[PDB]
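File shown: work.cif. Contents: mmCIF, C-alpha atoms and all ligand atoms.
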data_work
loop_
_atom_site.label_atom_id
_atom_site.label_comp_id
_atom_site.auth_asym_id
_atom_site.auth_seq_id
_atom_site.Cartn_x
_atom_site.Cartn_y
_atom_site.Cartn_z
CA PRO I 1 -9.35 -108.22 13.82
CA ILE I 2 -11.91 -105.63 12.69
CA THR I 3 -15.67 -105.79 13.27
CA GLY I 4 -18.01 -104.05 10.86
CA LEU I 5 -21.30 -102.33 11.60
CA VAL I 6 -23.92 -100.89 9.27
CA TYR I 7 -26.78 -98.64 10.39
CA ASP I 8 -28.75 -95.97 8.55
CA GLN I 9 -31.43 -93.61 9.84
CA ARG I 10 -33.35 -93.87 6.56
CA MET I 11 -34.55 -97.39 7.43
CA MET I 12 -36.73 -95.80 10.13
CA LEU I 13 -38.97 -94.23 7.48
CA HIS I 14 -40.87 -97.52 7.06
CA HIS I 15 -43.81 -97.04 9.42
CA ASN I 16 -47.42 -97.99 10.11
CA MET I 17 -49.55 -94.91 9.46
CA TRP I 18 -52.64 -96.54 11.01
CA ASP I 19 -51.08 -98.24 14.07
CA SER I 20 -48.24 -96.11 15.41
CA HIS I 21 -47.77 -98.59 18.30
CA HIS I 22 -47.32 -101.56 15.96
CA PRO I 23 -44.50 -103.69 17.44
CA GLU I 24 -42.27 -103.49 14.31
CA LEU I 25 -41.35 -99.97 15.42
CA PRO I 26 -38.96 -97.67 13.54
CA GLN I 27 -37.13 -97.12 16.85
CA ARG I 28 -36.13 -100.81 16.91
CA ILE I 29 -32.90 -100.06 15.03
CA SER I 30 -32.12 -96.72 16.70
CA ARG I 31 -32.50 -98.25 20.16
CA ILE I 32 -30.04 -101.00 19.24
CA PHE I 33 -27.76 -98.36 17.70
CA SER I 34 -28.05 -96.13 20.77
CA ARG I 35 -27.22 -99.05 23.07
CA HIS I 36 -24.03 -99.65 21.08
CA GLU I 37 -23.03 -96.02 21.64
CA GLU I 38 -23.60 -95.90 25.41
CA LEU I 39 -21.77 -99.23 25.80
CA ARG I 40 -18.81 -97.77 23.83
CA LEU I 41 -19.06 -100.59 21.28
CA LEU I 42 -19.69 -98.30 18.30
CA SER I 43 -16.26 -96.62 18.39
CA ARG I 44 -14.59 -100.06 18.31
CA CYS I 45 -16.42 -101.09 15.12
CA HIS I 46 -15.65 -100.04 11.56
CA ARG I 47 -18.67 -98.25 10.10
CA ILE I 48 -19.88 -99.91 6.88
CA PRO I 49 -22.00 -97.71 4.57
CA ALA I 50 -25.57 -98.62 3.67
CA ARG I 51 -26.80 -98.72 0.08
CA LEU I 52 -29.85 -99.67 -1.96
CA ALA I 53 -30.08 -103.14 -3.41
CA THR I 54 -30.67 -103.30 -7.14
CA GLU I 55 -33.71 -104.91 -8.71
CA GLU I 56 -31.37 -107.36 -10.44
CA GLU I 57 -30.02 -108.30 -7.01
CA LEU I 58 -33.59 -108.85 -5.79
CA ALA I 59 -34.15 -111.21 -8.73
CA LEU I 60 -31.59 -113.56 -7.16
CA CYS I 61 -34.36 -114.78 -4.82
CA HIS I 62 -37.65 -113.05 -5.74
CA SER I 63 -39.89 -113.18 -8.78
CA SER I 64 -40.17 -110.15 -11.05
CA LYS I 65 -43.87 -109.79 -10.23
CA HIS I 66 -43.26 -109.57 -6.48
CA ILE I 67 -40.53 -106.96 -6.98
CA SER I 68 -42.87 -104.90 -9.14
CA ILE I 69 -45.77 -104.86 -6.65
CA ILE I 70 -43.54 -103.56 -3.87
CA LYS I 71 -41.78 -101.14 -6.27
CA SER I 72 -45.21 -99.79 -7.23
CA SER I 73 -46.16 -99.27 -3.58
CA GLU I 74 -43.81 -96.25 -3.40
CA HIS I 75 -46.35 -94.11 -5.32
CA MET I 76 -49.62 -95.38 -3.83
CA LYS I 77 -52.12 -93.31 -1.85
CA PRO I 78 -52.98 -94.24 1.77
CA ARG I 79 -56.16 -96.10 0.77
CA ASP I 80 -54.34 -98.14 -1.88
CA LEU I 81 -51.60 -98.91 0.65
CA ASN I 82 -54.02 -100.30 3.25
CA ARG I 83 -55.74 -102.56 0.72
CA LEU I 84 -52.41 -103.82 -0.64
CA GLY I 85 -50.97 -104.41 2.83
CA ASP I 86 -54.07 -106.36 3.83
CA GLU I 87 -53.55 -108.73 0.87
CA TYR I 88 -50.54 -110.23 2.70
CA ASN I 89 -50.13 -112.13 5.97
CA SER I 90 -49.20 -109.54 8.63
CA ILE I 91 -47.80 -106.73 6.49
CA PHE I 92 -48.16 -102.95 6.63
CA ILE I 93 -46.81 -100.74 3.84
CA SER I 94 -45.99 -97.03 3.62
CA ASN I 95 -44.51 -94.94 0.80
CA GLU I 96 -41.01 -95.59 2.21
CA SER I 97 -41.30 -99.36 2.72
CA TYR I 98 -39.73 -100.29 -0.62
CA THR I 99 -36.71 -98.00 -0.16
CA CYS I 100 -36.16 -99.23 3.41
CA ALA I 101 -36.24 -102.86 2.30
CA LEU I 102 -33.77 -101.99 -0.46
CA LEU I 103 -31.53 -100.34 2.14
CA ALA I 104 -31.77 -103.35 4.46
CA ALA I 105 -30.66 -105.73 1.71
CA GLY I 106 -27.97 -103.45 0.29
CA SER I 107 -26.61 -102.83 3.79
CA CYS I 108 -26.05 -106.58 4.11
CA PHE I 109 -24.49 -106.89 0.66
CA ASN I 110 -21.82 -104.34 1.62
CA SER I 111 -21.21 -106.15 4.91
CA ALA I 112 -20.81 -109.56 3.27
CA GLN I 113 -18.51 -108.01 0.66
CA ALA I 114 -16.42 -106.43 3.43
CA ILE I 115 -16.18 -109.83 5.13
CA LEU I 116 -15.45 -111.81 1.97
CA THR I 117 -12.73 -109.39 0.81
CA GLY I 118 -11.11 -109.35 4.26
CA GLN I 119 -11.78 -105.70 5.10
CA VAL I 120 -13.44 -106.92 8.31
CA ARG I 121 -13.45 -110.30 10.01
CA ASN I 122 -17.13 -110.18 11.02
CA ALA I 123 -19.98 -107.68 10.93
CA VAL I 124 -23.36 -106.79 12.44
CA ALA I 125 -26.30 -105.35 10.47
CA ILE I 126 -28.90 -103.27 12.34
CA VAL I 127 -31.54 -103.17 9.61
CA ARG I 128 -35.30 -103.16 9.12
CA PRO I 129 -37.81 -104.31 7.94
CA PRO I 130 -36.84 -107.97 8.60
CA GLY I 131 -36.57 -110.55 5.84
CA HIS I 132 -36.74 -114.20 6.86
CA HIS I 133 -40.51 -114.57 6.32
CA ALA I 134 -40.50 -113.09 2.80
CA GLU I 135 -41.13 -115.71 0.13
CA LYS I 136 -39.96 -115.77 -3.48
CA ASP I 137 -43.32 -114.42 -4.70
CA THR I 138 -44.96 -112.73 -1.69
CA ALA I 139 -44.38 -110.68 1.46
CA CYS I 140 -45.10 -112.09 4.91
CA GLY I 141 -44.54 -111.46 8.61
CA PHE I 142 -43.33 -107.83 8.36
CA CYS I 143 -40.85 -108.93 5.66
CA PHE I 144 -40.81 -107.71 2.05
CA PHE I 145 -37.59 -109.25 0.68
CA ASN I 146 -35.55 -112.04 2.27
CA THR I 147 -32.44 -110.09 3.23
CA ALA I 148 -30.50 -113.08 4.58
CA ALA I 149 -31.39 -115.18 1.52
CA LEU I 150 -30.40 -112.38 -0.86
CA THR I 151 -27.08 -111.89 0.95
CA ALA I 152 -26.25 -115.58 0.56
CA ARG I 153 -26.89 -115.39 -3.20
CA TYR I 154 -24.94 -112.12 -3.38
CA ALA I 155 -22.04 -113.72 -1.50
CA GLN I 156 -21.96 -116.54 -4.04
CA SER I 157 -22.12 -114.06 -6.94
CA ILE I 158 -18.89 -112.30 -5.87
CA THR I 159 -16.99 -115.53 -5.12
CA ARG I 160 -18.16 -118.79 -6.70
CA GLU I 161 -21.60 -120.31 -7.21
CA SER I 162 -20.88 -123.21 -4.82
CA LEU I 163 -19.73 -121.02 -1.91
CA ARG I 164 -20.95 -122.79 1.23
CA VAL I 165 -23.14 -120.43 3.28
CA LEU I 166 -24.65 -121.40 6.62
CA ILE I 167 -27.77 -119.48 7.67
CA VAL I 168 -28.62 -119.83 11.37
CA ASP I 169 -32.10 -118.49 12.15
CA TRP I 170 -32.54 -118.14 15.91
CA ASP I 171 -35.48 -115.78 15.53
CA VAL I 172 -38.30 -117.35 17.53
CA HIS I 173 -40.37 -117.76 14.34
CA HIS I 174 -39.55 -120.23 11.58
CA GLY I 175 -37.98 -118.60 8.55
CA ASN I 176 -40.48 -120.06 6.10
CA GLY I 177 -39.23 -117.89 3.25
CA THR I 178 -35.59 -118.85 3.83
CA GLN I 179 -36.48 -122.55 3.93
CA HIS I 180 -38.43 -122.45 0.67
CA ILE I 181 -35.79 -120.42 -1.19
CA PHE I 182 -32.98 -122.89 -0.39
CA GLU I 183 -35.09 -126.04 0.03
CA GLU I 184 -33.48 -127.70 -3.02
CA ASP I 185 -30.03 -126.15 -2.48
CA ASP I 186 -26.98 -127.96 -1.10
CA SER I 187 -24.71 -124.87 -1.12
CA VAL I 188 -26.77 -122.97 1.50
CA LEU I 189 -27.36 -124.85 4.76
CA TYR I 190 -30.43 -123.56 6.61
CA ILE I 191 -30.69 -124.21 10.36
CA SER I 192 -33.66 -122.69 12.18
CA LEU I 193 -34.67 -122.85 15.84
CA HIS I 194 -38.24 -121.76 16.45
CA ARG I 195 -41.29 -122.11 18.65
CA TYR I 196 -43.53 -124.65 16.89
CA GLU I 197 -46.38 -125.83 19.17
CA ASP I 198 -47.38 -128.51 16.64
CA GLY I 199 -47.93 -125.80 14.03
CA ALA I 200 -50.02 -123.46 16.20
CA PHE I 201 -47.34 -120.75 16.46
CA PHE I 202 -46.77 -118.22 13.69
CA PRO I 203 -46.30 -118.72 10.77
CA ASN I 204 -48.67 -121.65 11.54
CA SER I 205 -47.31 -124.19 9.04
CA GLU I 206 -46.11 -127.77 9.38
CA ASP I 207 -43.21 -126.86 7.08
CA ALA I 208 -41.40 -125.89 10.30
CA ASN I 209 -41.36 -129.45 11.65
CA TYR I 210 -38.20 -131.52 12.03
CA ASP I 211 -39.12 -133.95 9.24
CA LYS I 212 -38.64 -131.27 6.55
CA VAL I 213 -35.00 -131.95 5.67
CA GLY I 214 -34.90 -130.42 2.18
CA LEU I 215 -35.80 -131.69 -1.26
CA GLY I 216 -33.86 -133.00 -4.25
CA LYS I 217 -30.22 -131.97 -4.09
CA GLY I 218 -31.03 -130.13 -0.84
CA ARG I 219 -31.94 -133.25 1.14
CA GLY I 220 -30.22 -132.88 4.50
CA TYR I 221 -29.41 -129.17 4.07
CA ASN I 222 -32.53 -127.89 5.87
CA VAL I 223 -32.47 -128.37 9.65
CA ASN I 224 -35.58 -127.43 11.62
CA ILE I 225 -35.36 -127.44 15.42
CA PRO I 226 -38.98 -127.02 16.60
CA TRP I 227 -39.88 -126.29 20.23
CA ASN I 228 -43.11 -127.63 21.72
CA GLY I 229 -44.64 -127.36 25.17
CA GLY I 230 -43.62 -124.31 27.12
CA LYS I 231 -41.34 -121.32 27.58
CA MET I 232 -37.85 -122.23 26.34
CA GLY I 233 -34.66 -120.51 27.46
CA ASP I 234 -30.86 -120.55 27.64
CA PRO I 235 -30.40 -124.26 28.61
CA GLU I 236 -32.48 -125.42 25.64
CA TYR I 237 -30.63 -123.26 23.11
CA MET I 238 -27.30 -124.27 24.64
CA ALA I 239 -28.20 -127.94 24.19
CA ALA I 240 -29.48 -127.56 20.62
CA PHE I 241 -26.23 -125.86 19.60
CA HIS I 242 -24.10 -128.50 21.34
CA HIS I 243 -26.08 -131.47 20.02
CA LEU I 244 -27.24 -130.30 16.58
CA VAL I 245 -26.22 -126.87 15.31
CA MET I 246 -22.48 -126.96 15.98
CA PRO I 247 -21.84 -130.59 14.89
CA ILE I 248 -23.80 -130.16 11.65
CA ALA I 249 -22.24 -126.75 10.92
CA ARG I 250 -18.70 -128.03 11.46
CA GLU I 251 -19.22 -130.96 9.08
CA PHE I 252 -20.72 -128.62 6.49
CA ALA I 253 -17.58 -126.45 6.89
CA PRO I 254 -19.18 -123.18 5.75
CA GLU I 255 -17.17 -120.44 4.10
CA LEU I 256 -19.61 -117.77 5.33
CA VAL I 257 -22.02 -117.70 8.28
CA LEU I 258 -25.17 -115.57 8.14
CA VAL I 259 -27.18 -115.21 11.35
CA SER I 260 -30.85 -114.33 10.92
CA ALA I 261 -30.63 -112.82 14.39
CA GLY I 262 -34.14 -112.19 15.56
CA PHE I 263 -34.42 -111.39 19.25
CA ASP I 264 -38.09 -112.24 19.84
CA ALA I 265 -37.08 -115.38 21.73
CA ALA I 266 -35.58 -113.05 24.35
CA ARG I 267 -36.80 -112.66 27.91
CA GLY I 268 -39.44 -109.94 28.00
CA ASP I 269 -40.48 -110.05 24.35
CA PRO I 270 -44.25 -109.44 23.98
CA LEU I 271 -44.60 -111.91 21.09
CA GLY I 272 -42.23 -114.85 21.60
CA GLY I 273 -42.96 -116.06 25.11
CA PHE I 274 -39.41 -117.40 25.64
CA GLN I 275 -36.65 -116.42 28.09
CA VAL I 276 -33.33 -116.38 26.23
CA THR I 277 -31.02 -113.98 28.09
CA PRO I 278 -28.49 -111.56 26.56
CA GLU I 279 -25.73 -113.83 27.88
CA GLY I 280 -27.34 -116.70 25.99
CA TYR I 281 -27.22 -114.82 22.70
CA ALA I 282 -23.60 -113.94 23.44
CA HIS I 283 -22.63 -117.60 23.92
CA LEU I 284 -24.47 -118.59 20.73
CA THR I 285 -22.65 -115.82 18.87
CA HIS I 286 -19.32 -116.90 20.36
CA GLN I 287 -19.84 -120.50 19.24
CA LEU I 288 -20.66 -119.53 15.65
CA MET I 289 -17.41 -117.51 15.47
CA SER I 290 -15.52 -120.82 15.58
CA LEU I 291 -16.79 -121.44 12.02
CA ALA I 292 -15.75 -120.16 8.58
CA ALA I 293 -12.56 -118.68 10.07
CA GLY I 294 -14.71 -116.20 11.96
CA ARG I 295 -16.55 -114.86 8.88
CA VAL I 296 -19.88 -114.19 10.62
CA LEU I 297 -22.56 -111.68 9.62
CA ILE I 298 -25.23 -110.92 12.23
CA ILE I 299 -28.43 -109.66 10.57
CA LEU I 300 -31.27 -108.21 12.63
CA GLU I 301 -34.62 -109.91 12.08
CA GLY I 302 -37.45 -109.92 14.64
CA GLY I 303 -37.47 -108.87 18.27
CA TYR I 304 -39.96 -106.36 19.65
CA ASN I 305 -38.97 -105.50 23.23
CA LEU I 306 -36.79 -102.43 22.72
CA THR I 307 -34.76 -102.95 25.90
CA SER I 308 -34.37 -106.70 25.33
CA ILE I 309 -33.22 -106.50 21.70
CA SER I 310 -30.88 -103.59 22.49
CA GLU I 311 -29.06 -105.52 25.21
CA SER I 312 -29.13 -108.79 23.27
CA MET I 313 -27.69 -107.57 19.96
CA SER I 314 -25.11 -105.41 21.73
CA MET I 315 -23.95 -108.57 23.52
CA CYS I 316 -23.56 -110.26 20.13
CA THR I 317 -21.51 -107.35 18.80
CA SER I 318 -19.41 -107.57 21.96
CA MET I 319 -18.60 -111.17 21.04
CA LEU I 320 -17.67 -110.32 17.45
CA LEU I 321 -15.29 -107.68 18.82
CA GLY I 322 -13.44 -110.36 20.81
CA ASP I 323 -14.76 -109.87 24.34
CA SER I 324 -15.01 -112.87 26.62
CA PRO I 325 -18.46 -114.48 26.96
CA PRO I 326 -20.32 -113.47 30.13
CA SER I 327 -21.29 -116.34 32.40
CA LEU I 328 -24.74 -117.90 32.15
CA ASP I 329 -27.13 -118.47 35.05
CA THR I 330 -31.27 -125.81 34.79
CA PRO I 331 -32.38 -129.24 33.57
CA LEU I 332 -33.78 -129.37 30.05
CA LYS I 333 -37.55 -129.51 29.91
CA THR I 334 -38.70 -132.96 28.79
CA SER I 335 -40.27 -131.74 25.54
CA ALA I 336 -37.02 -129.97 24.61
CA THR I 337 -35.11 -133.25 24.85
CA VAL I 338 -37.82 -134.89 22.73
CA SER I 339 -37.43 -132.18 20.08
CA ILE I 340 -33.63 -132.48 19.96
CA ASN I 341 -33.91 -136.26 19.70
CA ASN I 342 -36.31 -136.01 16.75
CA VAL I 343 -33.95 -133.72 14.82
CA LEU I 344 -31.01 -136.03 15.57
CA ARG I 345 -32.80 -139.07 14.14
CA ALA I 346 -34.09 -137.16 11.11
CA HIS I 347 -30.64 -135.80 10.19
CA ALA I 348 -28.28 -138.60 11.26
CA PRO I 349 -28.62 -140.15 7.74
CA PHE I 350 -27.01 -137.02 6.27
CA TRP I 351 -24.51 -135.94 8.97
CA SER I 352 -22.16 -138.62 10.31
CA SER I 353 -21.17 -136.25 13.13
CA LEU I 354 -24.63 -136.91 14.65
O1 LIG I 401 -49.21 -114.58 15.31
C1 LIG I 401 -48.46 -114.21 16.25
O2 LIG I 401 -48.00 -115.07 17.06
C2 LIG I 401 -48.10 -112.74 16.42
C3 LIG I 401 -47.40 -112.15 15.20
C4 LIG I 401 -46.23 -113.01 14.72
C5 LIG I 401 -44.93 -112.23 14.75
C6 LIG I 401 -44.19 -112.30 13.42
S1 LIG I 401 -45.23 -111.53 12.14
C7 LIG I 401 -42.87 -111.53 13.56
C8 LIG I 401 -41.89 -111.84 12.44
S2 LIG I 401 -40.19 -111.96 13.08
K K I 402 -36.05 -119.35 13.52
K K I 403 -30.91 -125.83 2.01
ZN ZN I 404 -39.81 -113.46 14.77
#
In structure tokens, write the structure found in this file.
Amino acid sequence: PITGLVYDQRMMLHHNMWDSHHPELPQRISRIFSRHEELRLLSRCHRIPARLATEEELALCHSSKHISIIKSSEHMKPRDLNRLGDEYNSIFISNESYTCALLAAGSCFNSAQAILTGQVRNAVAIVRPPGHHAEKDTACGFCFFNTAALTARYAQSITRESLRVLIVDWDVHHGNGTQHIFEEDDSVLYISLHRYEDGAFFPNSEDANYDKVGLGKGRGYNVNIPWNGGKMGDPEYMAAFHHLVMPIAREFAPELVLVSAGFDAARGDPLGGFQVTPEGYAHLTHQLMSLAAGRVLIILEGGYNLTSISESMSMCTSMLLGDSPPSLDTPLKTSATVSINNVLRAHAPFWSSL
């Protein structure tokens, strides 16, 4: 019953040289790491070493051209870096961005390998920059490479190609890159909960709507849970897991669970506008541990209130270590019931448990 943890100072080197107060702060990971220390959770975890992902490992999900542009950014001058960063949707680049993204991916490869070989039962990855917005051919939303998507492909590469991986994305923003990478894939089930607002919330695409169920062989293996009309919180995420996430995940019977654990849906986040409490994230973590014989990897994504994400991820690590879930504090808002009902009707054809 061992819980793994990976963290490396070197992932702080990715920074915004023009906007030092940019919300994707280097201190995001150190604040989460520091909160684990003062809560005495760090000494109960097994430290997993970080490492750089290889370019061949990046090719599992990303085109060679995209890898080369970011690899070339390591030697650019400040003026070249600003022009290149501005060519993407919400991306800043420094000379250390490429190495930090390599470390974030490679840190998750070691964690998945530790889980899949039984060295640890579950693991948490405090990494940056995030990954779930990165597409096959371009960077997006502070993400350069899709760390969660790469880890799923890496997990299959060290087991079997058809290894069933469930990716739960509870980051408040839709993982557009993760959806597109596995859109035609039946071996990687993608479930995302996200603020939608009829496509007005970032990343501002109708690909995040409930009717996108996957394509080809992947039909039914892409579950979007979009929220519309107002500040969502614990009761809405509790209901979505009870009605949609947990029934679909159990029928899928995953062999590995990856959590794109963004904490920008948390109370107090300056970007999400939601009110999910640290206890809420703990209960969601506890429910996912009932899958894949407890083989759960928590990967940091978004989340930009330093105090909120520190408490929230530490609560998740507390669940992986076996602690009992803390008790929650409300009737579902009408629009939330409407959203859950739309997903149920869209995915009932594919999941008899619905
Ligand atoms: O457009 C917005 O609503 C603000 C920026 C979006 C935040 C994204 S870029 C964070 C990725 S987890
Ligand atoms: K999401
Ligand atoms: K899929
Ligand atoms: Zn986000």
Item to complete: Step by step, measure atom-to-atom distances between ligand K 403 (chain I) and each residue using only C-alpha atoms and all ligand atoms, keep those at most 10 Å, then write them as a list in words.
Response: residues 165, 166, 167, 178, 179, 180, 181, 182, 183, 184, 185, 186, 187, 188, 189, 190, 191, 213, 214, 215, 216, 217, 218, 219, 220, 221, 222 and 223 of chain I
Axis-aligned box for range 176-190 of chain I, 5 Å per side, centre and edges in Å as lines of an AutoDock Vina configuration file:
center_x = -32.6
center_y = -122.9
center_z = 1.8
size_x = 25.8
size_y = 20.1
size_z = 19.6
Expected answer as an MDAnalysis selection string: residues within 9 Å of ligand LIG 401 (chain I), all atoms listed in the file:
chainID I and resid 23:24 89:91 130:133 140:143 171:175 200:204 262:264 271:272 301:304
Students should find that CA of residue 125 in chain I and CA of residue 235 in chain I are spaced 26.5 Å
Exercise for the section: Considering all atoms listed in the file, return as a list in words whatever protein or nucleic-acid residues lie within 9 Å of residue 105 in chain I, sequence-local ones (same chain, fewer than 6 positions apart) excluded. Expected result: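 Here the answer would be residues 50, 51, 52, 53, 58, 127, 131, 145, 146, 147, 148, 150 and 151 of chain I.
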- With all atoms listed in the file as the basis for distance, which of I:3, I:334, I:342, I:30 is at the shortest distance from residue 307 in chain I?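 Counting all atoms listed in the file, the residue closest to residue 307 in chain I is I:30.
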Distance query residue 244 in chain I at most 8 Å, only C-alpha atoms, self and fewer than 3 positions along chain excluded, as a ChimeraX atom specification
/I:240-241,247-248,340,343-344,354
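Near residue 69 in chain I, within 12 Å and counting all atoms listed in the file, sit residues 62, 63, 64, 74, 75, 76, 80, 81, 84, 85, 87, 88, 93, 97, 98, 137, 138, 139, 144 and 145 of chain I; same-chain residues fewer than 5 positions away were not included.
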Counting all atoms listed in the file, the residue among I:349, I:26, I:254, I:325 that lies closest to residue 294 in chain I is I:254
Atom pair CA of residue 129 in chain I + CA of residue 296 in chain I, distance 20.6 Å
Between I:168, I:333, I:229, I:207, single out the one closest to residue 285 in chain I, counting all atoms listed in the file.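 Of I:168, I:333, I:229, I:207, the one nearest residue 285 in chain I, counting all atoms listed in the file, is I:168.
The smallest atom-to-atom distance between ligand ZN 404 (chain I) and any of I:195, I:28, I:160, I:47, using only C-alpha atoms and all ligand atoms, is found for I:195.
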Q: Can you work out which one of I:305, I:27, I:113, I:95 has the shortest atom-to-atom distance to residue 152 in chain I, counting all atoms listed in the file?
A: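 Distance minimum relative to residue 152 in chain I lands on I:113.
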How far is it from CA of residue 164 in chain I to CA of residue 123 in chain I, in Å with one decimal?
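Between these atoms lies a distance of 18.0 Å.
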